[PDB]
file protein_25.txt (compact mmCIF, N, CA and C atoms)
# COMPACT_ATOMS: atom_id res chain seq x y z
N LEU A 1 -45.36 -136.67 -138.84
CA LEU A 1 -44.66 -137.30 -137.73
C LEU A 1 -45.07 -136.69 -136.39
N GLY A 2 -46.35 -136.34 -136.28
CA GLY A 2 -46.83 -135.70 -135.06
C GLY A 2 -46.72 -136.58 -133.83
N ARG A 3 -46.86 -137.90 -134.01
CA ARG A 3 -46.77 -138.85 -132.91
C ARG A 3 -45.49 -139.69 -132.97
N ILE A 4 -44.51 -139.28 -133.76
CA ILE A 4 -43.28 -140.06 -133.92
C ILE A 4 -42.08 -139.23 -133.50
N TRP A 5 -42.21 -137.90 -133.58
CA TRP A 5 -41.06 -137.03 -133.33
C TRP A 5 -40.59 -137.12 -131.89
N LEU A 6 -41.53 -137.29 -130.95
CA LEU A 6 -41.14 -137.27 -129.53
C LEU A 6 -40.36 -138.52 -129.13
N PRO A 7 -40.88 -139.74 -129.31
CA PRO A 7 -40.10 -140.92 -128.87
C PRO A 7 -38.76 -141.07 -129.56
N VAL A 8 -38.67 -140.70 -130.84
CA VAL A 8 -37.40 -140.81 -131.56
C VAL A 8 -36.37 -139.87 -130.95
N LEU A 9 -36.77 -138.63 -130.68
CA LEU A 9 -35.84 -137.67 -130.07
C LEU A 9 -35.46 -138.11 -128.66
N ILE A 10 -36.41 -138.69 -127.93
CA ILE A 10 -36.11 -139.19 -126.59
C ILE A 10 -35.05 -140.29 -126.66
N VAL A 11 -35.22 -141.22 -127.60
CA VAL A 11 -34.25 -142.31 -127.75
C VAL A 11 -32.89 -141.75 -128.15
N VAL A 12 -32.88 -140.77 -129.06
CA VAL A 12 -31.62 -140.17 -129.49
C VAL A 12 -30.90 -139.52 -128.31
N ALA A 13 -31.63 -138.75 -127.51
CA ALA A 13 -31.02 -138.09 -126.36
C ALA A 13 -30.50 -139.11 -125.35
N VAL A 14 -31.28 -140.16 -125.09
CA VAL A 14 -30.85 -141.19 -124.14
C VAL A 14 -29.58 -141.87 -124.64
N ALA A 15 -29.52 -142.16 -125.94
CA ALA A 15 -28.32 -142.78 -126.50
C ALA A 15 -27.11 -141.86 -126.36
N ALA A 16 -27.30 -140.56 -126.62
CA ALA A 16 -26.19 -139.62 -126.48
C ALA A 16 -25.70 -139.56 -125.04
N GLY A 17 -26.63 -139.50 -124.09
CA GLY A 17 -26.24 -139.46 -122.69
C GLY A 17 -25.51 -140.72 -122.26
N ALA A 18 -26.00 -141.88 -122.71
CA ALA A 18 -25.35 -143.14 -122.39
C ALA A 18 -23.94 -143.19 -122.98
N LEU A 19 -23.79 -142.71 -124.21
CA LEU A 19 -22.47 -142.67 -124.83
C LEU A 19 -21.51 -141.80 -124.04
N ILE A 20 -21.97 -140.61 -123.63
CA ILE A 20 -21.12 -139.71 -122.86
C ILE A 20 -20.74 -140.35 -121.52
N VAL A 21 -21.71 -141.01 -120.88
CA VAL A 21 -21.44 -141.68 -119.61
C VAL A 21 -20.38 -142.76 -119.79
N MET A 22 -20.53 -143.58 -120.83
CA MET A 22 -19.61 -144.68 -121.05
C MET A 22 -18.20 -144.18 -121.33
N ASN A 23 -18.09 -143.11 -122.13
CA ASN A 23 -16.77 -142.62 -122.52
C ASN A 23 -16.00 -142.06 -121.33
N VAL A 24 -16.65 -141.24 -120.51
CA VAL A 24 -15.93 -140.50 -119.47
C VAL A 24 -15.73 -141.35 -118.23
N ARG A 25 -16.61 -142.33 -118.00
CA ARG A 25 -16.54 -143.11 -116.77
C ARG A 25 -15.25 -143.91 -116.68
N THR A 26 -14.71 -144.33 -117.82
CA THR A 26 -13.53 -145.20 -117.81
C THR A 26 -12.22 -144.43 -117.76
N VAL A 27 -12.24 -143.11 -117.90
CA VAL A 27 -11.00 -142.34 -117.95
C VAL A 27 -10.33 -142.30 -116.58
N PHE A 28 -11.12 -142.33 -115.51
CA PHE A 28 -10.57 -142.27 -114.17
C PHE A 28 -9.74 -143.52 -113.88
N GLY A 29 -8.72 -143.35 -113.04
CA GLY A 29 -7.80 -144.45 -112.76
C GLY A 29 -6.97 -144.76 -113.98
N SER A 30 -6.94 -146.04 -114.36
CA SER A 30 -6.29 -146.52 -115.58
C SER A 30 -4.79 -146.22 -115.61
N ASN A 31 -4.17 -146.07 -114.44
CA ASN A 31 -2.72 -145.90 -114.38
C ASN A 31 -2.21 -146.27 -113.00
N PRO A 32 -2.40 -147.51 -112.55
CA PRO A 32 -2.04 -147.85 -111.17
C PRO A 32 -0.55 -148.09 -110.96
N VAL A 33 0.13 -148.67 -111.95
CA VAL A 33 1.52 -149.06 -111.82
C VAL A 33 2.30 -148.52 -113.01
N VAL A 34 3.61 -148.35 -112.81
CA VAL A 34 4.54 -147.97 -113.87
C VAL A 34 5.57 -149.07 -114.01
N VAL A 35 5.73 -149.59 -115.22
CA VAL A 35 6.67 -150.66 -115.51
C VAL A 35 7.73 -150.12 -116.47
N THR A 36 8.98 -150.14 -116.03
CA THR A 36 10.07 -149.64 -116.86
C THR A 36 10.44 -150.66 -117.94
N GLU A 37 10.97 -150.15 -119.05
CA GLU A 37 11.37 -151.00 -120.15
C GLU A 37 12.74 -151.61 -119.89
N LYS A 38 12.96 -152.79 -120.45
CA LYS A 38 14.21 -153.54 -120.27
C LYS A 38 14.95 -153.61 -121.60
N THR A 39 16.23 -153.25 -121.58
CA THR A 39 17.10 -153.30 -122.76
C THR A 39 18.43 -153.91 -122.33
N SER A 40 18.55 -155.23 -122.49
CA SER A 40 19.77 -155.94 -122.15
C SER A 40 20.57 -156.25 -123.41
N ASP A 41 21.81 -156.67 -123.20
CA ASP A 41 22.71 -157.02 -124.29
C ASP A 41 22.82 -158.54 -124.42
N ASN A 42 23.22 -158.98 -125.61
CA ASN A 42 23.41 -160.40 -125.86
C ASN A 42 24.67 -160.89 -125.16
N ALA A 43 24.50 -161.81 -124.21
CA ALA A 43 25.62 -162.37 -123.46
C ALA A 43 26.07 -163.64 -124.16
N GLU A 44 27.03 -163.50 -125.07
CA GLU A 44 27.57 -164.61 -125.83
C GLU A 44 29.09 -164.56 -125.82
N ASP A 45 29.71 -165.68 -126.17
CA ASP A 45 31.16 -165.82 -126.18
C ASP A 45 31.61 -166.21 -127.59
N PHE A 46 31.81 -165.20 -128.43
CA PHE A 46 32.32 -165.40 -129.78
C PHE A 46 33.59 -164.57 -129.95
N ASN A 47 34.64 -165.20 -130.46
CA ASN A 47 35.95 -164.58 -130.58
C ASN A 47 36.42 -163.92 -129.28
N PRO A 48 36.52 -164.67 -128.18
CA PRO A 48 37.03 -164.07 -126.94
C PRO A 48 38.54 -163.93 -127.02
N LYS A 49 39.06 -162.80 -126.56
CA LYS A 49 40.50 -162.62 -126.55
C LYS A 49 41.14 -163.58 -125.56
N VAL A 50 42.29 -164.12 -125.94
CA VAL A 50 42.97 -165.16 -125.18
C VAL A 50 44.28 -164.60 -124.65
N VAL A 51 44.48 -164.69 -123.34
CA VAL A 51 45.68 -164.22 -122.67
C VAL A 51 46.40 -165.42 -122.08
N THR A 52 47.71 -165.51 -122.33
CA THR A 52 48.51 -166.65 -121.90
C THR A 52 49.67 -166.17 -121.05
N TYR A 53 49.81 -166.75 -119.86
CA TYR A 53 50.95 -166.51 -118.99
C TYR A 53 51.94 -167.67 -119.12
N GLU A 54 53.23 -167.35 -119.23
CA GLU A 54 54.27 -168.37 -119.33
C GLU A 54 55.40 -168.03 -118.38
N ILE A 55 55.78 -168.99 -117.54
CA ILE A 55 56.92 -168.86 -116.64
C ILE A 55 57.84 -170.04 -116.89
N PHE A 56 59.12 -169.76 -117.11
CA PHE A 56 60.11 -170.80 -117.34
C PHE A 56 61.48 -170.29 -116.94
N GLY A 57 62.33 -171.19 -116.47
CA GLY A 57 63.67 -170.80 -116.06
C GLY A 57 64.52 -172.02 -115.79
N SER A 58 65.75 -171.76 -115.34
CA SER A 58 66.67 -172.85 -115.04
C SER A 58 66.33 -173.54 -113.73
N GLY A 59 65.49 -172.92 -112.90
CA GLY A 59 65.16 -173.51 -111.63
C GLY A 59 64.20 -174.67 -111.75
N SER A 60 63.97 -175.34 -110.62
CA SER A 60 63.04 -176.46 -110.59
C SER A 60 61.60 -175.98 -110.46
N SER A 61 61.32 -175.20 -109.41
CA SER A 61 59.98 -174.70 -109.15
C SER A 61 60.01 -173.19 -108.95
N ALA A 62 58.83 -172.61 -108.76
CA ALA A 62 58.70 -171.17 -108.60
C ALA A 62 57.42 -170.85 -107.85
N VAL A 63 57.36 -169.64 -107.30
CA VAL A 63 56.15 -169.13 -106.66
C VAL A 63 55.60 -168.02 -107.54
N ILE A 64 54.33 -168.15 -107.93
CA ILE A 64 53.75 -167.31 -108.98
C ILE A 64 52.52 -166.61 -108.43
N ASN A 65 52.45 -165.30 -108.64
CA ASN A 65 51.26 -164.50 -108.37
C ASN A 65 50.86 -163.80 -109.66
N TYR A 66 49.56 -163.77 -109.95
CA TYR A 66 49.07 -163.17 -111.18
C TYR A 66 47.67 -162.62 -110.95
N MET A 67 47.27 -161.71 -111.83
CA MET A 67 45.94 -161.13 -111.83
C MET A 67 45.11 -161.81 -112.90
N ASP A 68 43.99 -162.41 -112.50
CA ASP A 68 43.10 -162.98 -113.49
C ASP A 68 42.40 -161.87 -114.27
N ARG B 1 -59.61 -115.50 -104.85
CA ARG B 1 -59.66 -114.06 -105.04
C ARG B 1 -60.35 -113.70 -106.34
N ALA B 2 -60.27 -114.58 -107.34
CA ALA B 2 -60.98 -114.33 -108.60
C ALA B 2 -62.49 -114.29 -108.38
N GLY B 3 -63.00 -115.16 -107.52
CA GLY B 3 -64.41 -115.13 -107.18
C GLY B 3 -65.06 -116.50 -107.05
N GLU B 4 -64.33 -117.55 -107.40
CA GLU B 4 -64.90 -118.89 -107.34
C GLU B 4 -65.12 -119.32 -105.90
N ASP B 5 -66.10 -120.20 -105.70
CA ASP B 5 -66.34 -120.75 -104.38
C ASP B 5 -65.27 -121.78 -104.05
N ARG B 6 -65.30 -122.25 -102.80
CA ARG B 6 -64.20 -123.06 -102.28
C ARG B 6 -64.06 -124.38 -103.04
N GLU B 7 -65.17 -125.01 -103.40
CA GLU B 7 -65.10 -126.25 -104.16
C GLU B 7 -64.45 -126.02 -105.52
N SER B 8 -64.96 -125.04 -106.27
CA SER B 8 -64.41 -124.74 -107.58
C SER B 8 -62.99 -124.22 -107.47
N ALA B 9 -62.68 -123.48 -106.41
CA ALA B 9 -61.32 -123.01 -106.20
C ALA B 9 -60.37 -124.19 -106.01
N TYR B 10 -60.77 -125.17 -105.22
CA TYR B 10 -59.94 -126.35 -105.00
C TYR B 10 -59.72 -127.10 -106.31
N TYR B 11 -60.78 -127.31 -107.08
CA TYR B 11 -60.62 -128.04 -108.33
C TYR B 11 -59.78 -127.27 -109.34
N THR B 12 -59.92 -125.94 -109.38
CA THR B 12 -59.08 -125.13 -110.25
C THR B 12 -57.61 -125.22 -109.84
N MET B 13 -57.35 -125.15 -108.53
CA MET B 13 -55.98 -125.27 -108.03
C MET B 13 -55.36 -126.59 -108.47
N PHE B 14 -56.09 -127.69 -108.25
CA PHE B 14 -55.54 -128.99 -108.62
C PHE B 14 -55.31 -129.07 -110.12
N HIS B 15 -56.29 -128.63 -110.92
CA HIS B 15 -56.16 -128.74 -112.36
C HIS B 15 -54.98 -127.92 -112.87
N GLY B 16 -54.74 -126.76 -112.28
CA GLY B 16 -53.69 -125.88 -112.75
C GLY B 16 -52.30 -126.15 -112.24
N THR B 17 -52.14 -126.81 -111.09
CA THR B 17 -50.81 -127.01 -110.54
C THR B 17 -50.43 -128.46 -110.27
N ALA B 18 -51.34 -129.42 -110.49
CA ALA B 18 -51.01 -130.81 -110.19
C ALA B 18 -49.85 -131.30 -111.04
N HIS B 19 -49.89 -131.02 -112.34
CA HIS B 19 -48.85 -131.52 -113.23
C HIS B 19 -47.52 -130.80 -113.00
N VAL B 20 -47.58 -129.52 -112.66
CA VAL B 20 -46.35 -128.74 -112.49
C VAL B 20 -45.57 -129.22 -111.27
N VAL B 21 -46.27 -129.49 -110.17
CA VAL B 21 -45.61 -130.00 -108.97
C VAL B 21 -44.96 -131.35 -109.26
N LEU B 22 -45.68 -132.23 -109.95
CA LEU B 22 -45.14 -133.53 -110.29
C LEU B 22 -43.91 -133.40 -111.18
N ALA B 23 -43.97 -132.52 -112.17
CA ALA B 23 -42.84 -132.35 -113.08
C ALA B 23 -41.63 -131.79 -112.35
N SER B 24 -41.85 -130.82 -111.47
CA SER B 24 -40.75 -130.27 -110.69
C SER B 24 -40.11 -131.34 -109.81
N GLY B 25 -40.93 -132.14 -109.15
CA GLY B 25 -40.40 -133.21 -108.33
C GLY B 25 -39.64 -134.24 -109.13
N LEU B 26 -40.14 -134.58 -110.32
CA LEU B 26 -39.44 -135.54 -111.16
C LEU B 26 -38.11 -134.99 -111.64
N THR B 27 -38.06 -133.70 -111.98
CA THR B 27 -36.79 -133.11 -112.38
C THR B 27 -35.79 -133.15 -111.24
N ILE B 28 -36.23 -132.80 -110.03
CA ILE B 28 -35.32 -132.81 -108.89
C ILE B 28 -34.84 -134.22 -108.59
N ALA B 29 -35.75 -135.20 -108.65
CA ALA B 29 -35.37 -136.58 -108.37
C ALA B 29 -34.42 -137.11 -109.44
N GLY B 30 -34.72 -136.87 -110.71
CA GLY B 30 -33.89 -137.41 -111.78
C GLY B 30 -32.52 -136.76 -111.84
N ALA B 31 -32.45 -135.46 -111.58
CA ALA B 31 -31.16 -134.78 -111.59
C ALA B 31 -30.23 -135.37 -110.54
N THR B 32 -30.72 -135.50 -109.31
CA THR B 32 -29.90 -136.05 -108.23
C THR B 32 -29.52 -137.50 -108.51
N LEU B 33 -30.39 -138.24 -109.19
CA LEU B 33 -30.09 -139.63 -109.50
C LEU B 33 -28.96 -139.76 -110.51
N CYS B 34 -28.60 -138.67 -111.19
CA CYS B 34 -27.45 -138.71 -112.09
C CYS B 34 -26.13 -138.76 -111.34
N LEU B 35 -26.13 -138.45 -110.04
CA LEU B 35 -24.92 -138.60 -109.24
C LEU B 35 -24.52 -140.05 -109.08
N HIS B 36 -25.44 -140.98 -109.33
CA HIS B 36 -25.15 -142.40 -109.22
C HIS B 36 -24.17 -142.89 -110.28
N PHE B 37 -23.90 -142.09 -111.30
CA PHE B 37 -23.03 -142.50 -112.40
C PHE B 37 -21.63 -141.91 -112.30
N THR B 38 -21.28 -141.33 -111.16
CA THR B 38 -19.95 -140.78 -110.95
C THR B 38 -19.00 -141.85 -110.42
N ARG B 39 -17.75 -141.45 -110.20
CA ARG B 39 -16.73 -142.39 -109.77
C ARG B 39 -16.35 -142.22 -108.30
N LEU B 40 -16.34 -140.99 -107.79
CA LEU B 40 -15.98 -140.78 -106.40
C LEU B 40 -17.12 -141.25 -105.50
N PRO B 41 -16.83 -142.01 -104.44
CA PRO B 41 -17.91 -142.48 -103.56
C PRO B 41 -18.71 -141.37 -102.91
N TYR B 42 -18.09 -140.22 -102.64
CA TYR B 42 -18.81 -139.13 -101.99
C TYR B 42 -19.96 -138.64 -102.85
N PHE B 43 -19.74 -138.50 -104.16
CA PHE B 43 -20.83 -138.11 -105.05
C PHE B 43 -21.79 -139.26 -105.27
N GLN B 44 -21.26 -140.46 -105.48
CA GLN B 44 -22.10 -141.59 -105.86
C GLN B 44 -23.08 -141.97 -104.76
N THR B 45 -22.65 -141.91 -103.51
CA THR B 45 -23.57 -142.31 -102.45
C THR B 45 -24.67 -141.31 -102.20
N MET B 46 -24.80 -140.24 -102.99
CA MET B 46 -25.89 -139.29 -102.83
C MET B 46 -27.04 -139.52 -103.79
N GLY B 47 -26.82 -140.24 -104.88
CA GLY B 47 -27.82 -140.40 -105.91
C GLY B 47 -29.11 -141.03 -105.44
N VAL B 48 -29.04 -142.28 -105.01
CA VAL B 48 -30.23 -143.03 -104.60
C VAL B 48 -30.91 -142.38 -103.39

call {"tool": "encode", "arguments": {"input": "protein_25.txt", "output": "structure tokens"}}
result
Amino acid sequence: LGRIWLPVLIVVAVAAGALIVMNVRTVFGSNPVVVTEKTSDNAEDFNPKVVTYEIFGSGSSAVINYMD
Amino acid sequence: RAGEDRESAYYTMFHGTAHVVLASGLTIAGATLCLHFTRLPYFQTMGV
């Protein structure tokens, strides 16, 4: 391999250098924005508790104030 | 200084150092051209 050893080793070295270049070149940057995760709850109406107000008396009418 | 005349001295000089000067220049040129593969503009604009 007197006339084969040189070009093969040259190609091997060039491939190694290209691989190193490709790997490290992309590491820079790659983190421009930060996006926080979202964890919401299911907004549904199943078995809602029911509150009832009742006003009654011997009078005809009344004035009523209440808290919703 | 060895004793050769000026013609033979010139040809000996060229034969003995022509390839070395070229190789040194190629190493210097190729090394600096590797700056073209960096990411910062300050380094990259020096390669070519």

call {"tool": "closest_atom_pairs", "arguments": {"input": "protein_25.txt", "of": "chain A", "to": "chain B", "cutoff": "8 Å", "atoms": "all atoms listed in the file", "output": "JSON lines"}}
result
{"residue": "A:21", "atom": "CA", "partner": "B:37", "partner_atom": "C", "distance": 7.3}
{"residue": "A:25", "atom": "CA", "partner": "B:37", "partner_atom": "C", "distance": 6.9}
{"residue": "A:28", "atom": "CA", "partner": "B:39", "partner_atom": "CA", "distance": 7.6}

call {"tool": "write_last_selection", "arguments": {"input": "protein_25.txt", "atoms": "N, CA and C atoms", "output": "CSV table (one decimal), keeping the file's coordinate frame"}}
result
chain,number,residue,atom,x,y,z
A,21,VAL,N,-21.7,-141.0,-120.9
A,21,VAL,CA,-21.4,-141.7,-119.6
A,21,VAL,C,-20.4,-142.8,-119.8
A,25,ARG,N,-16.6,-142.3,-118.0
A,25,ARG,CA,-16.5,-143.1,-116.8
A,25,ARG,C,-15.2,-143.9,-116.7
A,28,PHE,N,-11.1,-142.3,-115.5
A,28,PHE,CA,-10.6,-142.3,-114.2
A,28,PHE,C,-9.7,-143.5,-113.9

call {"tool": "atom_distance", "arguments": {"input": "protein_25.txt", "atom1": "atom C of residue 1 of chain A", "atom2": "atom C of residue 29 of chain B"}}
result
29.0 Å

call {"tool": "axis_aligned_box", "arguments": {"input": "protein_25.txt", "around": "segment 37-44 of chain B", "padding_each_side": "4 Å", "output": "JSON"}}
result
{"center_x": -19.9, "center_y": -140.3, "center_z": -107.2, "size_x": 15.9, "size_y": 12.4, "size_z": 18.4}

call {"tool": "build_atoms", "arguments": {"input": "protein_25.txt", "residues": "segment 29-44 of chain A", "atoms": "N, CA, C and O atoms", "output": "PDB file, in the coordinates of the input"}}
result
ATOM      1  N   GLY A  29      -8.720-143.350-113.040  1.00  0.00           N
ATOM      2  CA  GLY A  29      -7.800-144.450-112.760  1.00  0.00           C
ATOM      3  C   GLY A  29      -6.970-144.760-113.980  1.00  0.00           C
ATOM      4  O   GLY A  29      -6.339-143.879-114.577  1.00  0.00           O
ATOM      5  N   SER A  30      -6.940-146.040-114.360  1.00  0.00           N
ATOM      6  CA  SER A  30      -6.290-146.520-115.580  1.00  0.00           C
ATOM      7  C   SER A  30      -4.790-146.220-115.610  1.00  0.00           C
ATOM      8  O   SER A  30      -4.202-146.131-116.686  1.00  0.00           O
ATOM      9  N   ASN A  31      -4.170-146.070-114.440  1.00  0.00           N
ATOM     10  CA  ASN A  31      -2.720-145.900-114.380  1.00  0.00           C
ATOM     11  C   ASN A  31      -2.210-146.270-113.000  1.00  0.00           C
ATOM     12  O   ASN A  31      -1.622-145.425-112.310  1.00  0.00           O
ATOM     13  N   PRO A  32      -2.400-147.510-112.550  1.00  0.00           N
ATOM     14  CA  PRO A  32      -2.040-147.850-111.170  1.00  0.00           C
ATOM     15  C   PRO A  32      -0.550-148.090-110.960  1.00  0.00           C
ATOM     16  O   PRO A  32      -0.014-147.741-109.901  1.00  0.00           O
ATOM     17  N   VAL A  33       0.130-148.670-111.950  1.00  0.00           N
ATOM     18  CA  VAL A  33       1.520-149.060-111.820  1.00  0.00           C
ATOM     19  C   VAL A  33       2.300-148.520-113.010  1.00  0.00           C
ATOM     20  O   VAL A  33       1.745-148.269-114.081  1.00  0.00           O
ATOM     21  N   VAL A  34       3.610-148.350-112.810  1.00  0.00           N
ATOM     22  CA  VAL A  34       4.540-147.970-113.870  1.00  0.00           C
ATOM     23  C   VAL A  34       5.570-149.070-114.010  1.00  0.00           C
ATOM     24  O   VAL A  34       6.223-149.445-113.026  1.00  0.00           O
ATOM     25  N   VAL A  35       5.730-149.590-115.220  1.00  0.00           N
ATOM     26  CA  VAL A  35       6.670-150.660-115.510  1.00  0.00           C
ATOM     27  C   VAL A  35       7.730-150.120-116.470  1.00  0.00           C
ATOM     28  O   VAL A  35       7.407-149.697-117.584  1.00  0.00           O
ATOM     29  N   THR A  36       8.980-150.140-116.030  1.00  0.00           N
ATOM     30  CA  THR A  36      10.070-149.640-116.860  1.00  0.00           C
ATOM     31  C   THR A  36      10.440-150.660-117.940  1.00  0.00           C
ATOM     32  O   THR A  36      10.248-151.866-117.779  1.00  0.00           O
ATOM     33  N   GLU A  37      10.970-150.150-119.050  1.00  0.00           N
ATOM     34  CA  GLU A  37      11.370-151.000-120.150  1.00  0.00           C
ATOM     35  C   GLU A  37      12.740-151.610-119.890  1.00  0.00           C
ATOM     36  O   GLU A  37      13.586-151.026-119.202  1.00  0.00           O
ATOM     37  N   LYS A  38      12.960-152.790-120.450  1.00  0.00           N
ATOM     38  CA  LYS A  38      14.210-153.540-120.270  1.00  0.00           C
ATOM     39  C   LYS A  38      14.950-153.610-121.600  1.00  0.00           C
ATOM     40  O   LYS A  38      14.364-153.994-122.618  1.00  0.00           O
ATOM     41  N   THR A  39      16.230-153.250-121.580  1.00  0.00           N
ATOM     42  CA  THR A  39      17.100-153.300-122.760  1.00  0.00           C
ATOM     43  C   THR A  39      18.430-153.910-122.330  1.00  0.00           C
ATOM     44  O   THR A  39      19.331-153.208-121.874  1.00  0.00           O
ATOM     45  N   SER A  40      18.550-155.230-122.490  1.00  0.00           N
ATOM     46  CA  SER A  40      19.770-155.940-122.150  1.00  0.00           C
ATOM     47  C   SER A  40      20.570-156.250-123.410  1.00  0.00           C
ATOM     48  O   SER A  40      20.088-156.112-124.538  1.00  0.00           O
ATOM     49  N   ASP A  41      21.810-156.670-123.200  1.00  0.00           N
ATOM     50  CA  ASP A  41      22.710-157.020-124.290  1.00  0.00           C
ATOM     51  C   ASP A  41      22.820-158.540-124.420  1.00  0.00           C
ATOM     52  O   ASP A  41      22.564-159.291-123.480  1.00  0.00           O
ATOM     53  N   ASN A  42      23.220-158.980-125.610  1.00  0.00           N
ATOM     54  CA  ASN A  42      23.410-160.400-125.860  1.00  0.00           C
ATOM     55  C   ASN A  42      24.670-160.890-125.160  1.00  0.00           C
ATOM     56  O   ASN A  42      25.775-160.451-125.477  1.00  0.00           O
ATOM     57  N   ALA A  43      24.500-161.810-124.210  1.00  0.00           N
ATOM     58  CA  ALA A  43      25.620-162.370-123.460  1.00  0.00           C
ATOM     59  C   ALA A  43      26.070-163.640-124.160  1.00  0.00           C
ATOM     60  O   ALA A  43      25.568-164.737-123.905  1.00  0.00           O
ATOM     61  N   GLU A  44      27.030-163.500-125.070  1.00  0.00           N
ATOM     62  CA  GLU A  44      27.570-164.610-125.830  1.00  0.00           C
ATOM     63  C   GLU A  44      29.090-164.560-125.820  1.00  0.00           C
ATOM     64  O   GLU A  44      29.695-163.528-125.514  1.00  0.00           O
TER      65      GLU A  44
END
